[PDB]
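Asker: Here's a structure for you.
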Amino acid sequence: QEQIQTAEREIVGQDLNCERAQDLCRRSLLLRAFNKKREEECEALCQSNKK
Amino acid sequence: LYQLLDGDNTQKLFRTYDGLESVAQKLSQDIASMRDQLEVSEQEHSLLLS
Amino acid sequence: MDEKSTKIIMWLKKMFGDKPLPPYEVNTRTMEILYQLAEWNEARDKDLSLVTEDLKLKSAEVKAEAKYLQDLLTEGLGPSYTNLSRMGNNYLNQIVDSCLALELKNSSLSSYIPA
Amino acid sequence: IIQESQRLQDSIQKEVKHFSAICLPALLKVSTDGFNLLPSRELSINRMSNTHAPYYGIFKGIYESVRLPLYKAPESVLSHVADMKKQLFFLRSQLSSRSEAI
Amino acid sequence: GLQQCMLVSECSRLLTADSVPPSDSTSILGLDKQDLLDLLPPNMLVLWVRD
Amino acid sequence: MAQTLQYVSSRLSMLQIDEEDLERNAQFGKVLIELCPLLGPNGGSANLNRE
Amino acid sequence: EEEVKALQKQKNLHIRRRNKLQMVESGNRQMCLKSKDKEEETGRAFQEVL
């Protein structure tokens, strides 16, 4: 029982919460979407400069 | 949770999380202390019977 | 003795409501027992009220999260995640029911195994 | 034009810097009473959901102090503490009875 | 495909603080739900992934 | 009388009531029996326990 | 004897469960190392976007 309890504490401690990786993925996606919007805005200023 | 542990509506103006953990530890200690007293009392009783 | 007596009479009035307080033998022992009982009841009633209010709050919070997860899954996986086969639904119900039976925080193995 | 162009100078970098400092989960707001949006991380049921939650370390300590297993649902903590108090009362009564009997 | 669908969904929600339409609420990075939906894989791949 | 004691002791496990207490105080015993339904098995009020 | 049988059954059970736990633990440990590699990959992708 003492061995099982030690092993249990280890599993609970390993509860792989890949929250950091997931956060980075979320941020990456949001920034990609942000980049796309900002590229559209750059294209609009380029048109004004041509004029 | 704090109200349940401290019983005393002493309107403490500032409740802290550290205070909450301390009052929780106290309850556990009180129960442990009461069980120890009961065990002693049981020994005393057993000696008297012997 | 006069203060304890007042507390008991008030407590009995509260417990029996609109029913006339039944006549009982008022001696030192009967008063002590009633007094211990009154103190115990009052302390437990307070504890149960706090637990009941908290459970109401938790019920609301769980409901809100359930809606959130449902919406997340509908938007991400489509309505088709709810169209599982009869056996699939049975498996899902068994996991859910097992977790509820052990009062687990979640369906992870890290929770199920120690329980 | 010079004034407005200066306002938009390094605009992307300025925004990204502010974004990098934000906690994303703080943006997930749920309404429990239909009116008040609270971040899901601040919900009492999620205090033990993630090792990275702000209050996880504090409540882990509270669970261990009241001898409540970590796998148990957070809604069980108050009921459990209430039962412990009930037990304390019972033990006191038993001690008093036994002391009287001796 | 599945990772991307879940991520888009998660991020869409980060943006949609179910709050009340205020016709006036400033989205994070100025992104709308539609900006994220554009980053979804092609509709044929999404249906395939869900099946 | 023994039945009344058993009933009261089972429902009000905290009460240290002896047979001598109920023999000397018959009307008190009636009060305890009437209180038992009003008090839940845990010492709390029956209404609050239902809630 | 029944108790000895019951305790032996329990012992066998605990041994089986310990073994299973050790497997799950080894598997999770491997998964946790690999998840750290993912964190590093996603960290690179995030730097590309920046």
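Letters A, B, ... mark the chains of the structure tokens in the order given; residue numbers begin at 1 per chain; ligand numbers begin at 1, in order shown.
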Report as an mmCIF file with N, CA, C and O atoms, in the first residue's frame the set of chain A residues whose atoms approach chain D to within 9 Å, with distances computed over only C-alpha atoms.
Answerer:
```
data_model
loop_
_atom_site.group_PDB
_atom_site.id
_atom_site.type_symbol
_atom_site.label_atom_id
_atom_site.label_comp_id
_atom_site.auth_asym_id
_atom_site.auth_seq_id
_atom_site.Cartn_x
_atom_site.Cartn_y
_atom_site.Cartn_z
ATOM 1 N N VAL A 12 0.087 11.657 -10.103
ATOM 2 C CA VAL A 12 -0.620 12.916 -9.890
ATOM 3 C C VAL A 12 0.313 14.088 -10.181
ATOM 4 O O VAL A 12 -0.100 15.085 -10.780
ATOM 5 N N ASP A 15 0.776 14.609 -13.912
ATOM 6 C CA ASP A 15 -0.359 15.065 -14.709
ATOM 7 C C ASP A 15 0.055 16.185 -15.662
ATOM 8 O O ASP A 15 0.653 17.177 -15.240
ATOM 9 N N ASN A 17 -0.035 18.538 -17.716
ATOM 10 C CA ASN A 17 -0.826 19.599 -18.332
ATOM 11 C C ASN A 17 0.006 20.419 -19.311
ATOM 12 O O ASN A 17 1.027 20.999 -18.934
ATOM 13 N N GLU A 19 -0.321 22.818 -20.788
ATOM 14 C CA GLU A 19 -1.028 24.089 -20.920
ATOM 15 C C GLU A 19 -0.135 25.153 -21.553
ATOM 16 O O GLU A 19 -0.617 26.007 -22.302
ATOM 17 N N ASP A 23 -1.016 27.171 -24.781
ATOM 18 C CA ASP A 23 -1.059 28.630 -24.736
ATOM 19 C C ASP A 23 -0.279 29.238 -25.899
ATOM 20 O O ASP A 23 -0.752 30.172 -26.548
ATOM 21 N N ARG A 26 -2.209 28.842 -29.066
ATOM 22 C CA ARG A 26 -3.289 29.822 -29.138
ATOM 23 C C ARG A 26 -2.755 31.197 -29.523
ATOM 24 O O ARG A 26 -3.308 31.857 -30.404
ATOM 25 N N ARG A 27 -1.664 31.575 -28.871
ATOM 26 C CA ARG A 27 -1.060 32.872 -29.151
ATOM 27 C C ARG A 27 -0.570 32.948 -30.594
ATOM 28 O O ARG A 27 -0.749 33.968 -31.263
ATOM 29 N N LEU A 31 -1.897 35.555 -33.376
ATOM 30 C CA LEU A 31 -0.938 36.474 -33.978
ATOM 31 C C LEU A 31 -0.886 36.290 -35.491
ATOM 32 O O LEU A 31 -0.674 37.255 -36.230
ATOM 33 N N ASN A 35 -1.560 39.125 -38.016
ATOM 34 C CA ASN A 35 -0.634 39.435 -39.100
ATOM 35 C C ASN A 35 -1.362 39.586 -40.432
ATOM 36 O O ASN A 35 -1.062 40.495 -41.209
ATOM 37 N N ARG A 38 -3.124 42.898 -40.483
ATOM 38 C CA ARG A 38 -2.177 43.999 -40.618
ATOM 39 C C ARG A 38 -1.597 44.054 -42.027
ATOM 40 O O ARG A 38 -1.305 45.134 -42.543
#
```
Asker: Got a sec to pull out which chain B residues are within 6 Å of chain D, counting only C-alpha atoms, and send them as a count of residues only?
Answerer: 6
Asker: Enter the distance from atom CA of residue D:32 to atom CA of residue C:60, in Å, rounded to one decimal.
Answerer: 5.6 Å
Asker: List every residue of chain C that DSSP, applied to the backbone of this structure, places in helix (DSSP H, G or I), and write the result as an MDAnalysis selection string.
Answerer: chainID C and resid 2:16 28:77 79:82 86:101 109:112
Asker: Just checking: using only C-alpha atoms, which residue out of C:1, C:38, C:69, C:48 ends up closest to chain B?
Answerer: C:48
Asker: In Å, rounded to a single decimal, give me how far atom CA of residue E:25 is from atom CA of residue D:22.
Answerer: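 These atoms are spaced 17.6 Å apart.
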Asker: What's around stretch 43-45 of chain E at 12 Å? Count only C-alpha atoms, leave out sequence neighbours fewer than 3 positions away in its own chain, and write the answer as a count of residues only.
Answerer: 12
Asker: Which residues of chain A are close to chain G, meaning at most 6 Å apart when you count only C-alpha atoms, and how do they look as a PDB file with N, CA, C and O atoms, in the first residue's frame?
Answerer:
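For reference, selection_18.pdb as written:
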```pdb
ATOM      1  N   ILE A   4       2.114   1.687  -3.562  1.00  0.00           N
ATOM      2  CA  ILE A   4       1.032   2.158  -4.419  1.00  0.00           C
ATOM      3  C   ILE A   4       0.801   3.649  -4.188  1.00  0.00           C
ATOM      4  O   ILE A   4       0.653   4.416  -5.143  1.00  0.00           O
ATOM      5  N   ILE A  11       2.125   9.867 -10.230  1.00  0.00           N
ATOM      6  CA  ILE A  11       1.234  10.013 -11.377  1.00  0.00           C
ATOM      7  C   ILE A  11       0.507  11.353 -11.297  1.00  0.00           C
ATOM      8  O   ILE A  11       0.343  12.039 -12.310  1.00  0.00           O
ATOM      9  N   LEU A  16       0.418  15.604 -16.870  1.00  0.00           N
ATOM     10  CA  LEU A  16       0.938  16.415 -17.965  1.00  0.00           C
ATOM     11  C   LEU A  16      -0.081  17.467 -18.393  1.00  0.00           C
ATOM     12  O   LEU A  16      -1.192  17.130 -18.804  1.00  0.00           O
ATOM     13  N   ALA A  21       2.345  24.708 -23.829  1.00  0.00           N
ATOM     14  CA  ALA A  21       2.382  24.472 -25.270  1.00  0.00           C
ATOM     15  C   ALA A  21       1.078  24.908 -25.931  1.00  0.00           C
ATOM     16  O   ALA A  21       1.092  25.517 -27.004  1.00  0.00           O
ATOM     17  N   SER A  28       0.009  31.857 -31.030  1.00  0.00           N
ATOM     18  CA  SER A  28       0.518  31.806 -32.399  1.00  0.00           C
ATOM     19  C   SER A  28      -0.606  31.986 -33.413  1.00  0.00           C
ATOM     20  O   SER A  28      -0.472  32.753 -34.368  1.00  0.00           O
TER      21      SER A  28
END
```
Asker: Mind listing as a list in words which residues of chain E are within 10 Å of chain D, counting only C-alpha atoms?
Answerer: residues 10, 11, 13, 14, 15, 16, 17, 18, 19, 20, 28 and 29 of chain E
Asker: Using only C-alpha atoms and a distance of at most 12 Å, pull out the residues of chain C that contact chain D, as a PyMOL selection string.
Answerer: chain C and resi 33+36-37+39-41+43-69+71-72+99-115
Asker: May I have the selected residues written with N, CA and C atoms, as a compact mmCIF listing (two decimals), in the first residue's frame?
Answerer:
```
# COMPACT_ATOMS: atom_id res chain seq x y z
N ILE C 33 -29.31 18.03 29.26
CA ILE C 33 -29.43 17.25 28.03
C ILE C 33 -30.02 18.13 26.92
N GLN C 36 -27.41 20.68 25.71
CA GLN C 36 -26.41 20.08 24.82
C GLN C 36 -27.00 19.83 23.43
N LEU C 37 -28.20 19.39 23.44
CA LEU C 37 -28.88 19.12 22.18
C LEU C 37 -29.13 20.41 21.40
N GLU C 39 -27.44 23.25 21.65
CA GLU C 39 -26.15 23.74 21.18
C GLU C 39 -25.67 22.96 19.95
N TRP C 40 -25.85 21.71 20.00
CA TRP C 40 -25.47 20.85 18.88
C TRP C 40 -26.30 21.15 17.64
N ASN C 41 -27.60 21.26 17.79
CA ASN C 41 -28.49 21.55 16.67
C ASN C 41 -28.17 22.90 16.03
N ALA C 43 -25.36 24.62 16.14
CA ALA C 43 -24.07 24.54 15.45
C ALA C 43 -24.21 23.78 14.13
N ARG C 44 -24.90 22.67 14.02
CA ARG C 44 -25.11 21.87 12.82
C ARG C 44 -25.96 22.61 11.80
N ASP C 45 -27.05 23.29 12.28
CA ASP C 45 -27.90 24.07 11.38
C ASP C 45 -27.09 25.14 10.65
N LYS C 46 -26.17 25.76 11.40
CA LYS C 46 -25.31 26.77 10.79
C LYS C 46 -24.41 26.14 9.72
N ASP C 47 -23.80 25.06 10.02
CA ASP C 47 -22.92 24.35 9.09
C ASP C 47 -23.68 23.91 7.84
N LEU C 48 -24.88 23.35 8.00
CA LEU C 48 -25.68 22.84 6.89
C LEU C 48 -26.13 23.97 5.98
N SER C 49 -26.42 25.15 6.55
CA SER C 49 -26.83 26.31 5.77
C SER C 49 -25.70 26.78 4.86
N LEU C 50 -24.52 26.81 5.45
CA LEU C 50 -23.36 27.23 4.67
C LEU C 50 -23.07 26.24 3.54
N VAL C 51 -23.20 24.92 3.79
CA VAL C 51 -22.95 23.89 2.79
C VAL C 51 -24.00 23.97 1.68
N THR C 52 -25.29 24.18 2.08
CA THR C 52 -26.38 24.25 1.12
C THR C 52 -26.20 25.42 0.17
N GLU C 53 -25.79 26.58 0.68
CA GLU C 53 -25.59 27.77 -0.14
C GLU C 53 -24.40 27.59 -1.08
N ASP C 54 -23.45 26.96 -0.64
CA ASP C 54 -22.27 26.71 -1.46
C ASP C 54 -22.59 25.75 -2.61
N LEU C 55 -23.36 24.72 -2.31
CA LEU C 55 -23.74 23.76 -3.34
C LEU C 55 -24.57 24.42 -4.42
N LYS C 56 -25.39 25.41 -4.03
CA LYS C 56 -26.16 26.16 -5.02
C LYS C 56 -25.25 26.95 -5.95
N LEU C 57 -24.25 27.55 -5.32
CA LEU C 57 -23.28 28.29 -6.11
C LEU C 57 -22.51 27.36 -7.05
N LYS C 58 -22.07 26.24 -6.53
CA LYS C 58 -21.32 25.27 -7.33
C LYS C 58 -22.17 24.73 -8.47
N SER C 59 -23.48 24.50 -8.21
CA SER C 59 -24.39 24.02 -9.25
C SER C 59 -24.46 25.00 -10.41
N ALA C 60 -24.40 26.30 -10.08
CA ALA C 60 -24.45 27.33 -11.10
C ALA C 60 -23.14 27.39 -11.89
N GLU C 61 -22.09 27.26 -11.20
CA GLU C 61 -20.78 27.31 -11.85
C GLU C 61 -20.57 26.11 -12.77
N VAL C 62 -21.01 24.93 -12.33
CA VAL C 62 -20.87 23.71 -13.13
C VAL C 62 -21.75 23.80 -14.37
N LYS C 63 -22.90 24.37 -14.19
CA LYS C 63 -23.81 24.56 -15.31
C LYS C 63 -23.20 25.47 -16.37
N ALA C 64 -22.56 26.52 -15.88
CA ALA C 64 -21.93 27.48 -16.79
C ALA C 64 -20.76 26.84 -17.53
N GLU C 65 -20.04 26.06 -16.93
CA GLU C 65 -18.90 25.40 -17.54
C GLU C 65 -19.34 24.31 -18.52
N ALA C 66 -20.43 23.67 -18.15
CA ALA C 66 -20.98 22.65 -19.04
C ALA C 66 -21.42 23.26 -20.37
N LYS C 67 -22.00 24.42 -20.24
CA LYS C 67 -22.42 25.12 -21.45
C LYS C 67 -21.22 25.56 -22.29
N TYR C 68 -20.24 25.98 -21.58
CA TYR C 68 -19.02 26.40 -22.27
C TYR C 68 -18.40 25.24 -23.03
N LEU C 69 -18.22 24.14 -22.44
CA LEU C 69 -17.57 22.98 -23.06
C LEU C 69 -18.42 22.43 -24.20
N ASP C 71 -20.44 24.16 -26.04
CA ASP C 71 -20.32 25.10 -27.15
C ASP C 71 -18.96 24.97 -27.84
N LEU C 72 -17.95 24.80 -27.05
CA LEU C 72 -16.61 24.63 -27.59
C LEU C 72 -16.53 23.39 -28.48
N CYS C 99 -17.21 7.82 -12.61
CA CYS C 99 -16.58 9.02 -12.06
C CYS C 99 -17.48 9.67 -11.01
N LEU C 100 -18.82 9.69 -11.27
CA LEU C 100 -19.77 10.27 -10.32
C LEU C 100 -19.83 9.43 -9.05
N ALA C 101 -19.76 8.11 -9.25
CA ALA C 101 -19.82 7.22 -8.10
C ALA C 101 -18.63 7.44 -7.17
N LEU C 102 -17.43 7.77 -7.66
CA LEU C 102 -16.21 7.94 -6.88
C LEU C 102 -16.00 9.41 -6.51
N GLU C 103 -17.01 10.31 -6.97
CA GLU C 103 -16.97 11.75 -6.71
C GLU C 103 -15.66 12.37 -7.18
N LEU C 104 -15.21 12.12 -8.39
CA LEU C 104 -13.92 12.53 -8.95
C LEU C 104 -13.99 13.96 -9.47
N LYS C 105 -12.90 14.64 -9.54
CA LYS C 105 -12.81 16.00 -10.08
C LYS C 105 -12.88 16.00 -11.60
N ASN C 106 -12.35 14.96 -12.16
CA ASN C 106 -12.36 14.80 -13.62
C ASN C 106 -12.24 13.33 -14.02
N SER C 107 -12.25 13.03 -15.33
CA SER C 107 -12.27 11.66 -15.83
C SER C 107 -10.86 11.14 -16.08
N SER C 108 -9.79 11.83 -15.64
CA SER C 108 -8.41 11.42 -15.87
C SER C 108 -8.06 10.18 -15.06
N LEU C 109 -7.08 9.39 -15.48
CA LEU C 109 -6.62 8.19 -14.78
C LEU C 109 -5.95 8.56 -13.46
N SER C 110 -5.44 9.77 -13.40
CA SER C 110 -4.77 10.25 -12.19
C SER C 110 -5.76 10.47 -11.06
N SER C 111 -6.99 10.63 -11.44
CA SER C 111 -8.04 10.77 -10.44
C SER C 111 -8.70 9.43 -10.14
N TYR C 112 -8.95 8.62 -11.13
CA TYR C 112 -9.67 7.35 -11.03
C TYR C 112 -8.88 6.34 -10.22
N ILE C 113 -7.57 6.28 -10.45
CA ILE C 113 -6.72 5.24 -9.88
C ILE C 113 -6.64 5.43 -8.36
N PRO C 114 -6.24 6.59 -7.90
CA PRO C 114 -6.20 6.77 -6.45
C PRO C 114 -7.56 6.56 -5.79
N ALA C 115 -8.64 6.92 -6.40
CA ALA C 115 -9.99 6.79 -5.86
C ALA C 115 -10.36 5.32 -5.64
```
Asker: When you get a sec, could you note down which chain B residues fall within 10 Å of chain C, using only C-alpha atoms, as a ChimeraX atom specification?
Answerer: /B:1,3-5,7
Asker: For the residues selected in the previous step, produce a file with N, CA and C atoms as a compact mmCIF listing (two decimals), in the first residue's frame.
Answerer:
```
# COMPACT_ATOMS: atom_id res chain seq x y z
N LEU B 1 -16.02 28.81 3.69
CA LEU B 1 -15.11 27.82 4.27
C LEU B 1 -14.48 28.35 5.55
N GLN B 3 -15.82 30.62 7.51
CA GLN B 3 -16.89 30.66 8.49
C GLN B 3 -17.14 29.29 9.10
N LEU B 4 -17.09 28.32 8.29
CA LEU B 4 -17.31 26.95 8.73
C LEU B 4 -16.20 26.50 9.68
N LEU B 5 -14.96 26.92 9.51
CA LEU B 5 -13.80 26.50 10.29
C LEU B 5 -13.67 27.34 11.56
N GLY B 7 -16.05 29.24 13.12
CA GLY B 7 -17.29 29.31 13.87
C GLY B 7 -17.67 30.72 14.27
```
Asker: Take atom CA of residue C:26 and atom CA of residue F:28 and report the distance between them in Å, one decimal.
Answerer: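 A separation of 8.3 Å between them.
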Asker: When the cut-off is 9 Å and we count only C-alpha atoms, which residues of chain A are near chain E, given as a list in words?
Answerer: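 The contacting residues on chain A are residues 22, 25, 26, 27, 29, 30, 31, 32, 33, 34, 36 and 37 of chain A.
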Asker: Suppose we keep N, CA and C atoms; can you now write the selection as a compact mmCIF listing (two decimals), in the first residue's frame?
Answerer:
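What landed in part38.txt:
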```txt
# COMPACT_ATOMS: atom_id res chain seq x y z
N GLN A 22 0.00 24.61 -25.26
CA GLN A 22 -1.31 24.99 -25.79
C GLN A 22 -1.48 26.50 -25.82
N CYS A 25 0.36 27.84 -28.73
CA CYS A 25 -0.37 27.56 -29.96
C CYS A 25 -1.50 28.56 -30.17
N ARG A 26 -2.21 28.84 -29.07
CA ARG A 26 -3.29 29.82 -29.14
C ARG A 26 -2.76 31.20 -29.52
N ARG A 27 -1.66 31.58 -28.87
CA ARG A 27 -1.06 32.87 -29.15
C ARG A 27 -0.57 32.95 -30.59
N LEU A 29 -1.69 31.31 -33.18
CA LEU A 29 -2.82 31.40 -34.10
C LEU A 29 -3.40 32.81 -34.10
N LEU A 30 -3.59 33.37 -32.93
CA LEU A 30 -4.13 34.72 -32.82
C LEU A 30 -3.22 35.73 -33.51
N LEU A 31 -1.90 35.55 -33.38
CA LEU A 31 -0.94 36.47 -33.98
C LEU A 31 -0.89 36.29 -35.49
N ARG A 32 -1.10 35.05 -35.94
CA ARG A 32 -1.18 34.82 -37.38
C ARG A 32 -2.38 35.53 -37.99
N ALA A 33 -3.48 35.36 -37.26
CA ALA A 33 -4.67 36.09 -37.70
C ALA A 33 -4.44 37.60 -37.65
N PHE A 34 -3.78 38.10 -36.70
CA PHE A 34 -3.42 39.50 -36.54
C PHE A 34 -2.49 39.96 -37.66
N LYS A 36 -2.31 38.70 -40.63
CA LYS A 36 -3.08 38.77 -41.87
C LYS A 36 -3.86 40.08 -41.95
N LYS A 37 -4.44 40.50 -40.91
CA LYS A 37 -5.20 41.75 -40.87
C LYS A 37 -4.28 42.96 -41.07
```
Asker: Please find the residues of chain C near chain E - the criterion being any atom within 6 Å, counting only C-alpha atoms - and write them as a list in words.
Answerer: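 Every residue meeting the condition is included here: residues 75, 76 and 77 of chain C.
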Asker: Write out as a PyMOL selection string each polymer residue whose atoms come within 10 Å of residue C:5, counting only C-alpha atoms; drop sequence neighbours fewer than 4 positions from it.
Answerer: chain C and resi 1+9-11+26+31-32+34-35
